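This report refers to the structure that appears directly beneath it.
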Amino acid sequence: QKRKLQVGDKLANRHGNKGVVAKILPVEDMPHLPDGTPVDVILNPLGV
Amino acid sequence: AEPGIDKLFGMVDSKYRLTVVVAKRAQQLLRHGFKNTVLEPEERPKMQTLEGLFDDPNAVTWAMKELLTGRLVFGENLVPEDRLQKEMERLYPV
Amino acid sequence: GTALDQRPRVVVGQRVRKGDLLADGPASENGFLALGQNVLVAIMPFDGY
Amino acid sequence: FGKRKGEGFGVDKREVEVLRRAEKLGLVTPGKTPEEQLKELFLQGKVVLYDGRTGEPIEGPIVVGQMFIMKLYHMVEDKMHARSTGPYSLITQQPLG
Amino acid sequence: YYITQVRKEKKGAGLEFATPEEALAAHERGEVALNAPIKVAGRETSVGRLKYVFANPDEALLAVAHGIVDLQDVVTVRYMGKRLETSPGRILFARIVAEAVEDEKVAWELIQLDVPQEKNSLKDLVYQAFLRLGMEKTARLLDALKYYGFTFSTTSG
Amino acid sequence: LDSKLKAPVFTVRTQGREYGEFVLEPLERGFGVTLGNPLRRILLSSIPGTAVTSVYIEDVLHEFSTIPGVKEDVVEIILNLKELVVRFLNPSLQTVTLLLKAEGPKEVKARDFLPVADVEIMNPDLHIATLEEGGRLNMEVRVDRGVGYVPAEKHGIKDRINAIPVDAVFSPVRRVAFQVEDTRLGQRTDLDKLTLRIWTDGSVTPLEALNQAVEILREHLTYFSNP
Amino acid sequence: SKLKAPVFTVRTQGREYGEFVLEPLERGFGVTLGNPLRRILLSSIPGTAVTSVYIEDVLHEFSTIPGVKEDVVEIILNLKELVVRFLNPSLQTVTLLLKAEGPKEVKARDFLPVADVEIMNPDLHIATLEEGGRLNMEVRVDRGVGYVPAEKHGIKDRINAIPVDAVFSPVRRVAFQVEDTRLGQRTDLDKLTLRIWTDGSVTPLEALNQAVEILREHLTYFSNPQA
DNA sequence: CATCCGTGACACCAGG
Ligand SMILES: [Mg+2]
Ligand SMILES: [Mg+2]
Ligand SMILES: [Mg+2]
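Here it is, written out as structure tokens:
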């Protein structure tokens, strides 16, 4: 089976920041740079 | 929150008596096909289906709204149990 | 249950020296350990999500 | 940014508002040009960011950058489970685990 | 917290003025900040409390919408019939509570307006709302606080 | 892959000429906010209304002065004038000056303004000021047509030397709240449901305001036609 | 004092890139117009994408082909980037046929041509065949809108066909700038510039027109109220 | 009235 990322799958970085994917927004809802490039992931600052 | 939960807690001397009353009333409604309801047709709880609004099938929502009307009497030693059973079977057949 | 597959990283006619990469294994990008993705993150709250 | 300055676009109005907010925050020096203050923010790792739902900017500059993120082995596809009724144990006649 | 905090600026730095039009003109020259504490004729105030005087919450928040002032600027607003020196954000928070509990007088009695909202003050708000209005209204208050806290934290920067 | 989209039912829920809820469901994923935000901006910035823009009160020099014989200061009077809901019956009229002269023991209301042709004061019961024995109030207020919100120190219009400029609260709309909730149509899962909430002052109604908003937006969409 | 219809400028670069300017617009209407158009451009612009692939002697996606360097997963990932423009408006499905052998880097050109069908990225790599490696593919391109994963459409024309994830949208990027501009004595006016990058299937101008039409059609939905 | 000794007890869910 080819498993895509879905709501409830667990991501983490190398510094101990772990978290479960709670929401997959469509591209047009994502915060984007002034030149129109949307961001991929939105991490909460309260985790730091 | 259950609509009017503060009032329901005001109606009883113990929060668990409210639960006993509501559950017994819900079983009474389930056994008699709701035919003994004290709610007028406009007070009936409704459920939105694909076609249109229908009667809420949740006997507990019904029992709590009935309690909220004031049209119900609750207490200990009101009537012998089988007397109540047979009178409700007469007034509302199954 | 994770897939362990190797993929060829060379092409026909290529000159290779001793110790040069020929096939990337699982979680390997051109011989570097590839355990994830490089994503573009913004660090901000988002409506409680 | 020099790319944009060459493609024929100046600094945006929302960028000006975010720069005003950043000046209030003590993040950029008051008096410099928009490009200078945007460069100061960028050196702090922060950029102007637009809310995709409204087009208005995030009131402050936001940290944005590339991060290495992995997908761990704990996927909900393997863990979601439910049961109405099912097999029971020999001696205890209780549900299996 | 972000919407209920007030700005404190250093430009004016406590200048003394006789007439408020002097302070307005000084701020217009660029010599005094909008939220810098000053003293006009003897009483401590700021330029923002004089330049902007709103007849009601709706006007203050309309001006906030049009970019005239920010939620963290100390301004003068007429709410509940009193002439309040407070930010539009604190007015907005008072209105959030009032709409949530559907009781304007009690909601005004519960809130501490002149303080930024944080863990302890919001906890005291939830407890007092409980005592005074019941768990159904307190649950609606909680969901309102959730909605607006998330909303304002998103765009706060 | 193949899609079918039922046209969404538009639902109105009003309470007088002051408030209304507007529900538009179902909408394809995302169009809730795509429709709500521009309409909100337009309803708050470009719906035509009226506003007090300048006030002259006899023997009053500046805005922060007190008035002998009246209990309120000039600031309070200017606030009450900001709350004046004036309606222009004639589409050609653009500006009026309203006269008000009273004295003695009396509480001036918005009724006491001398009537002017095709100027309907929607809220005549609006309190303005109270005077005492020996209190005199001679004032003229300036009412202009406009949109949005303009601070007093941005138009600064002065008919005479002591005409105090007033922050022009043009917009007939006082608040626009909107909220999108997820909704389903059968097994379509992420459809949107739009809910508008519009407060006005009575001069224009919420439904009228929303229709003017959608009209402005469509007319702006027409601007992509002639290179 | 009502501002009137603004000048609309169009700059283009091939079928790929486009800048669209509107000026002057009232304050805040730069965002009011630009953002919903951007959302609709990114979400609701119809287009084309590969939706199914059959390969001879290939039973499923997790396969290799002798003589072919790329596995089937990489071949489908490559085919996911195939831009296919339809010239006929009423065309819905095209079955591209590819047949190759020998030592060659099979690119997108090698697809046998079909009438009223153009491949916009012909240099797109497909496979790296060696001596004796044969590749015989039948790919299927459909018209569609938005993003539809293989698990939702499951399009198979023959038994051993592999459904493919389809990114139907032809819009690769949308930005918009709002700059300060003036008309006469009016200041704080908006100058809106939509920058649109597409794939070539549809041009930036066609996408802008379709998005404008979609937004106007959605504004139509407020026409029939209901208590 | 002490020391010595034998016998108890030592978090939950999950998968194992
Ligand atoms: Mg003022
Ligand atoms: Mg209080
Ligand atoms: Mg949705």
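Chains as they are written, first to last, in the entry's author numbering: chain A, 829 to 876; chain B, 2 to 95; chain C, 634 to 682; chain D, 926 to 1022; chain E, 790 to 946; chain F, 2 to 228; chain G, 4 to 230.
Backbone N, C-alpha and C define an ideal beta-carbon position, used for all residues, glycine too.
Taking each of G/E29, G/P166 and G/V120 in turn and checking the Cα distance to G/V205, the smallest one comes out for G/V120.
Per DSSP, the unbroken beta strand (DSSP E) holding G/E182 starts and ends at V174 to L186. A Cβ of chain E is located within less than 7 Å of the beta carbon of C/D680. In this structure, F/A153 has its CB closer than 6 Å to one or more heavy atoms of ligand 1.
Going by DSSP, B/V23 is part of the alpha helix (DSSP H) stretching over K16 to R32.
For D/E940, the secondary structure class from DSSP, reduced to helix, strand or coil, is helix.
In the DSSP annotation of this structure, F/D191 is not part of any alpha helix (DSSP H); the continuous beta strand (DSSP E) holding it starts and ends at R189 to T201. Contact between F/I165 and F/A130 is ruled out by a C-beta separation of about 15 Å, above the 8 Å threshold.
Counting along the chain, no alpha helix (DSSP H) covers E/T834; the unbroken beta strand (DSSP E) around it starts and ends at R832 to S835.
Under the Cβ criterion of 7 Å, D/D937 is counted among the residues facing chain G. By the beta-carbon neighbour count (other beta carbons within 10 angstroms, threshold 16), E/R832 is exposed.
The beta carbons of F/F11 and G/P39 sit no closer together than 7 Å.
Chain E places no beta carbon closer than 7 Å to that of B/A64, leaving this residue out of the contacts.
For G/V34, the neighbours in chain D by C-beta distance under 7 Å run, in chain order, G980 and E981.
Closest in C-alpha terms to D/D976, from the list A/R831, A/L874, A/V876 and A/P854, comes A/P854.
Short note on E/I900: C-beta closer than 6 Å to some heavy atom of ligand 2. Assignment of G/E121 by DSSP, reduced to helix, strand and coil, places it in the strand class. Counted as a single uninterrupted DSSP element, the alpha helix (DSSP H) harbouring B/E67 occupies residues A60 to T70.
In terms of Cα proximity to F/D113, the closest of F/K102, F/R14 and F/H156 is F/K102. Between E/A830 and the set E/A822, E/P809 and E/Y868, the nearest pair of CA atoms involves E/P809. Contact annotation for F/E84 against chain E: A844 and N845 [CB-CB distance below 8 Å, chain order]. Here F/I158 carries a coil assignment [DSSP, helix/strand/coil].
Between F/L36 and F/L195, the CB-CB gap stays under 7 Å. Counting only residues of its own chain and dropping the five nearest sequence neighbours on each side, G/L90 has a CB closer than 6 Å to the CB of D119.
Between F/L218 and F/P27, the gap from beta carbon to beta carbon reaches 7 Å or more. Shortest gap from the CB of G/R42 to any heavy atom of ligand 3: 6 Å or more. Using a Cβ-Cβ cut-off of 7 Å, A/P854 does not count as an interface residue toward chain C, since no Cβ of chain C sits closer than that to its own. Only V672, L673, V674, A675 and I676 from the region 661-676 of chain C bring a Cβ to less than 7 Å from some Cβ of chain A. Within chain A, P859, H860 and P862 have C-beta atoms less than 7 Å from the C-beta of D/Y975, given in sequence order. Remark: the C-beta of C/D680 is outside contact range of ligand 3, defined as less than 6 Å to any heavy atom.
In this structure, DSSP gives F/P92 a state outside helix and strand, which the three-state scheme calls coil. Annotation: F/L94 to G/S4 spans about 14 Å, alpha carbon to alpha carbon. Shortest Cα-Cα distance from E/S910 to any of E/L934, E/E888, E/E893 and E/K926 involves E/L934. At least 7 Å separates the beta-carbon of E/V836 from that of E/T865.
The C-beta separation of A/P859 from A/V849 comes to about 17 Å, leaving the pair out of contact by the 8 Å criterion. At least one heavy atom of ligand 1 lies less than 6 Å from the C-beta of E/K840.
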